[PDB]
Each structure stands twice: as C-alpha cells, then as structure tokens.
Ligand SMILES: CC(=O)Nc1nc2ccc(-c3cnc(Cl)c(NS(=O)(=O)c4ccc(F)cc4)c3)cc2s1
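Numbering (PDB author numbering), first residue to last: 147 to 248, 269 to 320, 357 to 373, 379 to 436, 457 to 488, 496 to 522, 545 to 753, 758 to 968, 981 to 1092.
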C-alpha cells in the first residue's frame, strides 16, 4: 500500500525517504513539521471553489480596456448542444446574475477554466484577455465538477571547532578557512596553517574563535572553505551552528563538499555533496531628547537610497541609535536590520524588543519590493524574515502567481528547511489549483537540476502533493509521463546529427510508436494549465534547423467543445538552461502588470516556457510568427545587405485589409517600445537579428533569453521604416514611439526598488556564472537612481540616438561573428 510513496518519488524526481545524504534529521523533521500546515489549508478550503479555481483579479480595469467596451455593454455567447445565443451583459454582472438572466456552471469553450463566484465579470482574467486581443467570450453551460475528485488520501566560553583534516579520493599547498556566518555578513574568521596538498591532509587543530557561545544567533552558519596557493577557493561546505531544535551543534562531522567551476545562492546551502566517491570531505569536531534637524535629514537620505547602495559604519551606527524613529518608516526596515550587530546576544534581544512593537509596519500597505528585500540573502533572522512573509499573506491569488517564481527561488535564502516562507507557498498552493500547478513545476524544475537545493524543495513538493487531491495527482502523473516519453525522443534524435530528410521520418516513426505504447492521449499544457492537449499531429512534427535541434511538436486539443481548429504548438528543447528564460519572462510579466497600474499596455509577448528537467524543457509556439532575420532572408538573401524597407513590406503582405494594417503597425510601435525599455533595463538589449520575432499581426517579441563595439538595444532602420523614418527624420508615429518609451522608462523608475531586488535575486539564484557586486550594480545605471525625471528622460532619449547613429553596424557585426 506504500506504492503511493513510490509514485510521489517518481512525481518529484527525488526520494525524500532516502537518508544517505544527511548528518542530522532536519529534512525528516520538516516533513513531519509540514503535516499540520498541509492538513489545515486542506480542511479550510471550499471544495467547489477549489475544483473550479476561478482565476479572478480585484484590480482596476485599466483605461485601455474601458475605451474598448461598447458603452457599459459586453456580449457573451452561451452554448448548449449546438444552440449558441448571445446575451447582453453589464461589466458588474455576476456569474450568478447571468445564470438567472435567461445548478449549472459556466465553462470557457476549449479550456479548463470557469466563470463562477461572487466577483463581477470584469474581474475575471479570461474576460480581460479577450478584450486585450479583441475577442468574443464563448462559454458552455456545464455541470460543476465533483469535489470528490479533489479528495485527499488522509555559557561564556569562546566558540571553537576542531579541524581534523581533509580527504579527497583522487586529485599544491592548502588551507582550511572557518567563518561564523550570518546573512552573508561574516562575523568571525579563523584559518589553519597551510600544509602540502595531497589526497589526505591532517591538522588536528582547535580553531579558537573570539565570539562566545551565547552570542551565536539562530541561523548562523559555520562556513568551511578550502583555499590553495595567488589564493583560490576550491571547495566549500556549510553547517548550521544552531540546529532546528534551537540546540547547539555537537560531535563528529564528515562533510562532503561542493567544488567551484561574489554572491551565488548555492554558496549558502546546508546541503552536503551527495557524491561521496568524487567529492572532497572535511572532518571536524564540536564539543562546546528627540533628534535634531541636521541628523533627521541624514537619516532620511539614508532611508531614501536604493536597496543596493552600501551602508557605511556611520550610516549603520546612526540607524541603530535612532532605532525608534527609523521604525516609523517601513522603508527603513531592510537598512535598519542590516545595521544590527547580529553576533551580540543583547543587541539581538533589543532587536526583538523592537520587532514586538511594529504597529507602523503592520498597518502599512503591502510593498512587494520592500517585502522581497527582507527575504534575500542579507537576512538570516527568522523573525526578521517572518515580518516579510506576514506582509505577503494579504496578496490576492492573482498577485502570488505574479511573484511565485521569485518567492520559490527566495527559499534558497532560508537558513532552515522549515520556514514561514516555505509554509506560505505550501498554504497558498493548496488553496488554489492554479498556484498549485505552477508551484509543482517550479519546484520540480529545481529538484531536477540543482543538488544544492533538491533535498529541501523535494520535502516542500511532497508536502504539497499530499494535499492537492486525486485529480491534481492524476494530472501531474499524466504530465510527467508525457514530457518523460518526449524528452527521451529528443535526446535520441539529437544523436543522429543541417537537418536530414530521413531523420524526419525517424522522428515521425517514434512519435507514431508512442501514440499506442504508453502515451496518455490527453494532458495539461504545463505553461498553460487551462489547455488540455490530446493526440499528436505527426505530419506537423519536425526538428528545427537550430544546432541544438529542438522538437517542434503540434497537438490536437482534447476538449471537443473547443471552438477552433488550431493545433497546440510546443517546442521541446534540450541543450540549454531554461531556468534563466523563465526568470526573464517572469520579470517581463512583472513589467507589464506595472505598466497596467498606469493604464498602459505595451503588448509584450512573454510566451510560456517551463524548465521541466535537466537542461531540457518546453516552450509555447507563438502562432503566425517569424524571425526578423528570415524576413531579411526572403527579400535580401543569405549574406544580409540589410534593406530598410522589407519589414513594412512584409507587414503589408500579411495584412488582409487596410483596417488590419493600421492596428498592426500600431501594435508594432507598442510592442517595439516595450522590448526596448525592458531589455535596456535588464541589460539584454544588444541582440542578434534572429533572436527577435514578429507575428503577422504586428506584435514584435524577443526570444532565447538564456542565450546570455556595443549598442543599448535593438532599434534598426527597418523598424524605423515602419515609423516613417530613416537616418534623420521624424514621423507622427516615431513621436508616439518616443512618447511611449520615455513614459515606460520613468514608469519603471516609479518601481526602482522592486526591479533592483528582482534583478539581484535573479542573478543570485538563476545566473550561476559571474554575479559580483558589479554585475548587479548595472540596473542602478540603467534606471539612473538619484537622477531626476527630466535628466533620465534625456538619458533614455540619448540611448535611442545611439541606435539611430549606429544603423546596421551592430547587426552586421553579429553576422561576421555568428554566421562567419
Ligand atoms: C510560428 C513560430 O515559428 N513561432 C514561434 N514561437 C516561438 C516562441 C519561442 C521560441 C523560442 C524561445 N526561446 C528559446 Cl531559448 C528558443 N529556443 S530554440 O532552440 O527553439 C530557437 C532558438 C533560436 C531560434 F532562432 C529559433 C529557435 C525558442 C521560438 C519560437 S518560434
């Protein structure tokens, strides 16, 4: 009867039950600790609302979508068997108000989405999406899905550590470095004598630290590092000094260490290397008045600075002395708690007194940017971090999905496997099938390709699955099977490597074979859990010309009520880290919803992209779209004598009518403006011509973000000749272009803090290469912190006037680079 546990293993892609790589019982304690939060949210959720999961928002409907509505009236076409009749509806009308307009529940045609619950129809996401693209809200009169399908299975000494020695099975002078750590701050540091580097080095040394046992804070790491020499860090490993039972660590440790290929999230992990046979190990032993004017200004200038501006000792001493004034400002919080001398018992006590009186904090409107900072690598105190998770509680489900990726990554900054943030995600996952779905893949993604955090994420996922219900479990099981069957086919085809013609039949042969053998004939599309894909479309399946040879696959829609003929196009790629692409795209989504708060819609295409396993995942195929290079290839040819008039020409020939050409050119100016701003800010602006795409309908969009004389971003004359210009001129559309860009840019600057943090966290948990202070401190320059609105406008307009002044130089330089 434990085959349920064996199933969970195969759904997770890691066995929680295994204990070959522990040196204590933290993981198991956290399994057993999560049972309560699991069963609480399970028991408290509404069965029917959980089944239908209405994807709803509570946000204002922006200016752009109102001016689309035909005067306080919205048409909704309802379907029976084949009896479609349209109905007049007012933005405020309830799903209930339309059910007694003419127990049956409304379901979107084609999708596994529902229009139910006490919110107006203007508050449903599906409706807002129809209007966005200008489409009609078709919906079937259905039976509510059965909740039964969702059912669940039921002391004043100084600290000291003895370094016995290091041991490596295989393989010129080496020394161990021991740091008492706390939130990236190193509190005390001791070194060994440097011995000769051989497969085994013994020291038998007591390293006396100056910090006392009482002064140790919970969440402090003993960080053991190995340097050789000209010095270089070669190996690292960590050990929580205070354990999950608030107990001081004691005894003998043989800890297997991580190697090395500046901040990186992997460097913080309490996980030990699972590879006993190849990794370096270490052997250790634990036995053991109210303020004046001039200063208020100084304090307020400090509070004003961006999250990345370093505080000096002077700044910190001031913040701490004025604890209580600093407390009256929610924005002082990250700076204030980074002024705490965490390696001093009485100070932390005072810090806790200060926390116990956070009336201003608790009453303030949620600031996601501010909250995030408290969950990054700079904070190891659980009580500090808990006030952040506290603030997240108020997020509506719609806003969790916006931040879900980075909150899931934020877990890599937690000292302990059991944390407020982990419980939060768990809770908010079990309450909403949608958050649940994505939470599953997000965790699975990291479990597959990261040893530093798989053990932890696996515990959190198992906790989630044990509460999602039989329906979800079946769905998940079905999704895994498919991508596991398909990934095998991708790896095999890549090995038969220009694309052969016989190899297309090789692919089509194996896809036919799977159609019978084991493949489930329907599954949820992981990047769009609304859509259920069914049987394949073998004729349309191929291998793309790309040298990473990905699978272009198309699927029939398994839902008969689907009111379309279009297949479901998924790319299957191996060879790249798609985790990076997810992050960028999710930031892109954040950028959009920001622009929504100011009634803008810059028509980005942040297509679906899920990293399913090790260096291999899947991607949404945008319909009726092609790359900019191919447009230049069909008129100009191979070598690329880039012609300025080809794009607008291509837009004309894909525009059916004059009516559609206006809205196409207009969607280009919008989408182009967004991608120029977004990429400039993220520093992924200077991009190859073949990495940018357009839809037949005007929508531009960048692809392949994981791909990473210069230029700010991509603004070329062929783009500009859709904006009545070349070299030196100004049209009514180019004025609009600048009028959208400069407003998009200072619009992001109204959210500087948030993007800075999101950027930091992205580099630390997802870009495992360089990421030093300097890497991160690019977005400060890009967003011109401190600079006024007027100066920054001229900064961005100069960027344009570099792309203008560069013409084709950079695109051309890519050609001599990539192609030749
Ligand atoms: C109608 C049509 O063709 N629509 C498309 N829609 C999308 C949506 C996304 C992507 C895409 C995005 N990111 C990465 Cl990393 C990739 N990787 S890839 O290897 O498939 C690829 C790398 C470059 C290159 F020029 C073509 C494909 C692919 C490609 C396409 S094609």
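For each residue, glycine too, the CB sits at the ideal point set by N, CA and C.
For the pair residue 832 and residue 878, the CB atoms are nearer than the 8 angstroms cut-off.
The criterion of a C-beta distance shorter than 8 angstroms is satisfied by residue 520 and residue 478. If you look at residue 435, you'll find it in the beta strand (DSSP E) that goes 428-435.
Distance from the Cα of residue 691 is smallest, within the candidate group 657, 723, 670 and 678, for 657. In this structure, residue 953 keeps its C-beta atom at 8 angstroms or more from the C-beta atom of residue 895. The DSSP assignment places 918-942 as complete runs of the alpha helix (DSSP H) inside the segment 907-967, in order along the chain (cut-off: 4 residues).
For the pair residue 359 and residue 419, the CB atoms are nearer than the 8 angstroms cut-off.
The three-state reading of DSSP puts residue 680 in helix, counting H, G and I together. Going by C-alpha positions, residue 1077 is about 9 angstroms away from residue 1000. For residue 812, the enclosing beta strand (DSSP E) stretches over residues 811-817. When DSSP reads this structure, residue 231 sits in a beta bridge with 224. The beta carbon of residue 562 lies closer than 7 angstroms to those of 1024, 1025, 1028, 1052 and 1057 in the same chain, with the five residues before and after it left out. Remark: the shortest separation between the CB of residue 621 and any heavy atom of ligand 1 does not fall under 7 angstroms.
The way I'd put it, the segment 841-858 does touch the segment 931-943; three or more beta-carbon pairs between them come closer than 8 angstroms. When secondary structure is reduced to three states using DSSP, residue 837 falls in the coil class, being assigned neither helix nor strand. For the beta strand (DSSP E) assignment, the segment 157-190 encloses no uninterrupted run of at least 3 residues. Residue 193 sits exposed, since fewer than 16 C-beta atoms from the chains shown fall within 10 Å of its C-beta. The straight-line gap separating the alpha-carbon atoms of residue 627 and residue 650 is approximately 12 angstroms. Here residue 386 is bridged, per DSSP, to 396 and 430. Non-local beta-carbon contacts of residue 642 in its own chain, meaning distances under 8 angstroms to residues more than five positions away in sequence, involve 676 in chain order.
Measuring C-alpha to C-alpha distances from residue 860 to each of 190, 212 and 361 identifies 212 as the nearest. In this structure, the CA atom of residue 948 is about 30 angstroms from the CA atom of residue 745. For residue 294, same chain residues with a beta-carbon under 8 angstroms away, outside a window of 5 residues either side, are 203, 207, 211 and 288 in chain order. Relative to residue 920, the option among 958, 655, 875 and 166 whose CA is nearest is 958.
For residue 880, the Cβ falls inside the 7 angstroms cut-off from some heavy atom of ligand 1. With a 10 Å radius around the Cβ and a threshold of 16 neighbouring Cβ atoms, residue 608 comes out exposed. Its Cα nearest to that of residue 1019, the residue 1060 stands out among 1060, 984, 955 and 1048. Following the DSSP letters along the chain, one finds residue 580 inside the alpha helix (DSSP H) bounded by residues 579-582. Here residue 613 is exposed. Its C-beta has fewer than 16 other C-beta atoms within 10 Å. Taken atom to atom, the span from the alpha-carbon of residue 1046 to that of residue 549 is near 35 angstroms. At a threshold of 7 angstroms, residue 1058 does not count as near ligand 1, since its beta carbon sits no closer than that to any of the ligand's heavy atoms. At least one heavy atom of ligand 1 falls within 7 angstroms of the beta-carbon of residue 966. Here the alpha carbons of residue 425 and residue 883 stand approximately 53 angstroms from one another. C-alpha of residue 930 to C-alpha of residue 862: approximately 5 angstroms in a straight line. In this structure, 802 is the residue among 723, 802, 1008 and 1074 with its C-alpha nearest to the C-alpha of residue 764. DSSP places residue 308 inside the beta strand (DSSP E), whose first and last residues are 305-308.
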